[PDB]
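S.K.: Sequence first, structure after; it's an experimental one.
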Amino acid sequence: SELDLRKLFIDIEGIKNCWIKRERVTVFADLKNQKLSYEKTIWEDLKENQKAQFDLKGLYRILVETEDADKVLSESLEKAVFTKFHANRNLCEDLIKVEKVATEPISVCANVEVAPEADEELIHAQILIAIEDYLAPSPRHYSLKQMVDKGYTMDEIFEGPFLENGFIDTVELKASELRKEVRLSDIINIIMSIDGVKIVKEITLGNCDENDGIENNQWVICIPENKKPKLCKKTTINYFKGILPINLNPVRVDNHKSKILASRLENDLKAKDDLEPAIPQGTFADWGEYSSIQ
Amino acid sequence: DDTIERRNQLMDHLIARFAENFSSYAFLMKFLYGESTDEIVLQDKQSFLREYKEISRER
Amino acid sequence: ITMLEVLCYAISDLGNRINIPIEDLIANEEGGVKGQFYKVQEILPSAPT
Amino acid sequence: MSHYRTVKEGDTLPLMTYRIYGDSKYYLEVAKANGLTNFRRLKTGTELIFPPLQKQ
Amino acid sequence: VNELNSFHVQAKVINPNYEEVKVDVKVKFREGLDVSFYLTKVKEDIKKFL
Amino acid sequence: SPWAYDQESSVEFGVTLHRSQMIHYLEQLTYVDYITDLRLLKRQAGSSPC
Amino acid sequence: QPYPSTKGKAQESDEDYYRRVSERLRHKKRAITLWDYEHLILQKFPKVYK
Amino acid sequence: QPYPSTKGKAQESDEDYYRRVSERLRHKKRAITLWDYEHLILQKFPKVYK
């Protein structure tokens, strides 16, 4: 299934997420002279009712999101994806292309008032991470003990392919689909929920672009069908206490952001150890030993 | 012994008993001093309590 | 077990001193409450306006 | 109360149960509490336990 | 089911839209009674079986 | 009303920016989004003179 | 009370427990062939006869 | 009994006792600045909200 394939490939080290899409290869045909080609040249000199088209039904394209943040996929990833696909494939289906997912840049700008007794560098690191997670969520690995605590049973925990790196929760996997539209009513809630934030005095979204002059509020931004949204890095938040603007040291924010991220890496790696249930063990003792009644 | 945080909590309690409030020193002093504000602020809070009898009366 | 009983005895002693009334726990060697409290003669009266 | 003995040569399980409890019929509960399968032949260095009877 | 099939396949779920033939027969050579085992009773039993 | 007269309200004040109003609504268990909002004074209140 | 009660379900019998476990061990919860589809539905939807 | 009862008052809580004593120790029962006026009335007149 589609979810199985996502779980299959998401365990290649360096890959954070994958999406599986279908290719539509088109074949054109001459119904006067039965002949077919990938070119519309096949229709030269035909009447309007002598033309046909059919689309192919079992071909794949794999969209990959990696940790590297490079422009292209490493050739070692393309080999890993093609290798696993072909090793584990369905009857009458094939893989055409593996490529890195395309993106769409979004700007966020705001004026935020915080409590007079608050750590602003920490608030900034926390807001910033939360918005990034909203735009592009990713699943995490769990230990067997954790899957059990969540309330799953054996039939469900082992329902799909066995995964060497820990268990992946199907709900999280379904949730982490490419986002289609961006809305202000969610971004505001993300900021207002951060401890120490009191008032968002100004906030706006917009497609990141050049000549960003006077333009509409863009209360909802729509995203093209095969793109992932990403902050444009031209974003900014002005922090205030009462009526005075305050300045955040650039370096300290990096430390808070790193530590928050640091925990996720430690936790995924913990999951390799707990991958199986216990089986009760007995002894051995010649159960058929017999002594004469004499 | 995390003295800076614990000393501030004690001072704030004593100040609160007179219905006063020094919250603004937390950031206003940062326009004057850097890391050295923690020592300065605790010294000022102690002085305030000592001088309180006259401060609240001769308004 | 012997060590446990000794420690239990020591705990009772500590608890008993914690219950000593405030008038004694914060007393000065010379008497008075100079550094602890402001008295009514000093903290309640108001300038005449 | 609880009791322990060591097996000497010439001992049988129903005769030892009679001298400890007053009845020979508890021999299958003594064998289960000691993990014995071949209780009709006891080996002459084994130390057994004899648990008390339950009260309620 | 569509969640368990394959990325490429959707199934359709329908009602059978039933249609059917029906029996007629030579009279029974015996019956308990004209009423107790009336041809109508036999018809009812046949209907239940189908 | 909770600002005008006593009642319960999570928001610090009625006299606030749309950001506060948005948070109050976002917190509801029966809402998802709203594209825009405004709150001008009722220039079109006929009862109190125009 | 004009109509029959609905939506209830009794505890599994031993016969059903064995039946359910035995089929999962064969079809692996995938809908691939005929048997798979037909048995996945009868196990999942209790008010389907055929 | 057509209307709700009126004019009663419950015993002071610890929180109110501390609040009342603490404020008198700073305003000295004089009405000089803003805080003085606003807190003297809320302490004295129990059915004022703001």
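M.R.: Looks like it came in fine. Numbering: from 1, shown residues only, chains lettered A, B, ... in the order given.
S.K.: Flag every residue of chain A that's near chain G.
M.R.: When proximity is defined by C-beta under 8 Å from any C-beta of the partner chain, chain A lies next to chain G at A:1, A:155, A:159. All C-beta spots, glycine's among them, are computed from the backbone N, C-alpha and C.
S.K.: residues contacting the second one?
M.R.: Residue A:155 makes contacts with G:24, G:29, as judged by C-beta atoms under 8 Å, 6 or more residues apart in numbering or on different chains.
S.K.: so how far is residue G:13 from it?
M.R.: 19 Å (C-beta to C-beta, to the nearest Å).
S.K.: Quick check: closest non-adjacent residue to the residue of chain G found nearest chain A.
M.R.: Per C-beta to the nearest C-beta, the residue of chain G with the smallest distance to chain A is residue G:29, at 5.7 Å. Once flanking residues are discounted, residue G:29 sits nearest to residue A:159: 5.7 Å by C-beta to C-beta, 6 or more residues apart in numbering or on different chains.
S.K.: Okay, strands next: where are they in chain F?
M.R.: With DSSP state E applied, chain F shows no strands anywhere along its length.
S.K.: Just the closest residue of it to chain E, please.
M.R.: Among the residues of chain F, residue F:32 lies closest to chain E, at 24.9 Å counting by C-beta to the nearest C-beta.
S.K.: give me every residue that touches that residue.
M.R.: By C-beta under 8 Å, 6+ apart, the contact set of residue F:32 is residue A:185.
S.K.: try residue E:44
M.R.: Neighbour list for residue E:44: empty [criterion: C-beta under 8 Å, 6+ apart].
S.K.: For residue B:43, see how far away it is.
M.R.: As for residue E:44, its distance to residue B:43 is 105 Å (criterion: C-beta to C-beta).
S.K.: Same check on residue A:161?
M.R.: For residue A:161, the distance to residue B:43 equals 65 Å [C-beta to C-beta].
S.K.: So for these two, which sits in the more crowded spot?
M.R.: Legend: neighbour count by other C-beta atoms under 10 Å in any protein chain shown for residue A:161 and residue B:43, higher for residue A:161 (14 against 10).
S.K.: then the top helix by length along chain A to PDB, C-alphas only?
M.R.: Criterion DSSP state H: the longest helix present in chain A is helix A:250-270. Extracted in PDB, the C-alpha atoms of helix A:250-270 (Å, rounded to 0.1, in the frame of the first residue of the first chain):
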ATOM      1  CA  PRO A 250      21.700  36.600  17.600                       C
ATOM      2  CA  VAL A 251      23.900  33.800  19.000                       C
ATOM      3  CA  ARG A 252      21.900  32.800  22.100                       C
ATOM      4  CA  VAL A 253      18.700  32.000  20.100                       C
ATOM      5  CA  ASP A 254      20.800  29.500  18.100                       C
ATOM      6  CA  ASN A 255      21.700  27.700  21.400                       C
ATOM      7  CA  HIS A 256      18.000  27.400  22.500                       C
ATOM      8  CA  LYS A 257      16.900  26.200  19.100                       C
ATOM      9  CA  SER A 258      19.700  23.600  18.900                       C
ATOM     10  CA  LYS A 259      18.900  22.100  22.300                       C
ATOM     11  CA  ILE A 260      15.200  21.700  21.500                       C
ATOM     12  CA  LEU A 261      16.200  19.900  18.300                       C
ATOM     13  CA  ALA A 262      18.900  17.900  20.000                       C
ATOM     14  CA  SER A 263      16.300  16.000  22.000                       C
ATOM     15  CA  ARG A 264      14.500  14.600  18.900                       C
ATOM     16  CA  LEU A 265      17.700  13.100  17.600                       C
ATOM     17  CA  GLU A 266      18.500  11.400  21.000                       C
ATOM     18  CA  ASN A 267      15.000  10.100  21.300                       C
ATOM     19  CA  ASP A 268      14.700   8.400  17.800                       C
ATOM     20  CA  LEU A 269      18.000   6.600  18.500                       C
ATOM     21  CA  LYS A 270      16.600   5.200  21.800                       C
END
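S.K.: near chain B, anything from it?
M.R.: No: using C-beta under 8 Å from any C-beta, helix A:250-270 never reaches chain B; the gap is at least 12.4 Å.
S.K.: Output the contacting helices and strands for that helix.
M.R.: On a contact count with 3 or more C-beta pairs under 8 Å, 6 or more residues apart in numbering or on different chains; DSSP states H and E, helix A:250-270 meets helix A:120-135.
S.K.: in the helix it packs on, what counts as buried?
M.R.: A:120, A:121, A:122, A:123, A:124, A:125, A:126, A:127, A:128, A:131, A:134, A:135 (16 or more other C-beta atoms under 10 Å in any protein chain shown).
S.K.: Dump that helix to CSV, restricted to CA.
M.R.: Extracted C-alpha coordinates of helix A:120-135, given in CSV (Å, rounded to 0.1, in the frame of the first residue of the first chain):
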residue,chain,number,x,y,z
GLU,A,120,12.9,36.8,24.8
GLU,A,121,15.7,34.7,23.2
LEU,A,122,13.9,31.6,24.3
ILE,A,123,10.5,32.8,23.2
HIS,A,124,11.8,33.6,19.8
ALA,A,125,13.4,30.1,19.4
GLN,A,126,10.1,28.5,20.5
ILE,A,127,7.8,30.5,18.2
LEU,A,128,10.2,29.9,15.3
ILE,A,129,10.2,26.1,15.7
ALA,A,130,6.5,25.9,16.2
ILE,A,131,5.7,27.7,12.9
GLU,A,132,8.2,25.5,11.0
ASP,A,133,6.5,22.4,12.4
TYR,A,134,3.1,23.6,11.3
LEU,A,135,4.2,24.2,7.8
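S.K.: Parallel or antiparallel, which strands does the very next helix or strand once past that helix pair with?
M.R.: Next along the chain after helix A:120-135, taking DSSP states H and E as the criterion, comes strand A:141-142. Using DSSP bridges, strand A:141-142 pairs in its sheet with strand A:167-168 (antiparallel).
S.K.: Show me how far the helix or strand following the partner strand is from its chain's centre.
M.R.: Using DSSP H and E, the helix or strand that follows strand A:167-168 in sequence is helix A:170-175. Put simply, helix A:170-175 sits 10 Å off its chain's centre (C-alpha atoms, centre = their mean, to the nearest Å).
S.K.: Can you list the buried residues in helix A:170-175?
M.R.: So for helix A:170-175, counting by 16+ other C-beta under 10 Å, buried means A:170, A:173.
S.K.: Does chain F have contacts with the helix or strand just after that helix?
M.R.: On the C-terminal side of helix A:170-175, the nearest following helix or strand under DSSP H and E is strand A:181-183. Yes: using C-beta under 8 Å from any C-beta, strand A:181-183 reaches chain F at residue A:183.
S.K.: ok so, going back, between the residues of chain A next to chain G, which is nearest residue E:25?
M.R.: The closest of the residues of chain A next to chain G to residue E:25 turns out to be residue A:155 (C-beta to C-beta; 52.1 Å).
S.K.: ok so that closest one is a helix residue?
M.R.: Yes: under DSSP: H, G, I helix; E, B strand; the rest coil, residue A:155 falls within a helix.
S.K.: Tell me who's in contact with whichever residue of chain E sits closest to chain C.
M.R.: Relative to chain C, the nearest point of chain E is residue E:3 (62.1 Å; C-beta to the nearest C-beta). Residues near residue E:3 by C-beta under 8 Å, 6+ apart: residue A:1.
S.K.: Contact partners for the residue nearest the centre of chain F?
M.R.: Centroid-nearest residue in chain F: residue F:21, 5.5 Å away (criterion: C-alpha atoms, centre = their mean). By C-beta under 8 Å, 6+ apart, residue F:21 lies in contact with F:11, F:37, F:39.
S.K.: For residue A:221, see how far away it is.
M.R.: Note on residue F:21: its distance to residue A:221, by C-beta to C-beta, is 22 Å.
S.K.: Show me how far the longest helix belonging to chain E is from its chain's centre.
M.R.: When chain E is parsed with DSSP H, its longest helix is helix E:39-49. How far helix E:39-49 lies from its chain's middle: 12 Å, per C-alpha atoms, centre = their mean.
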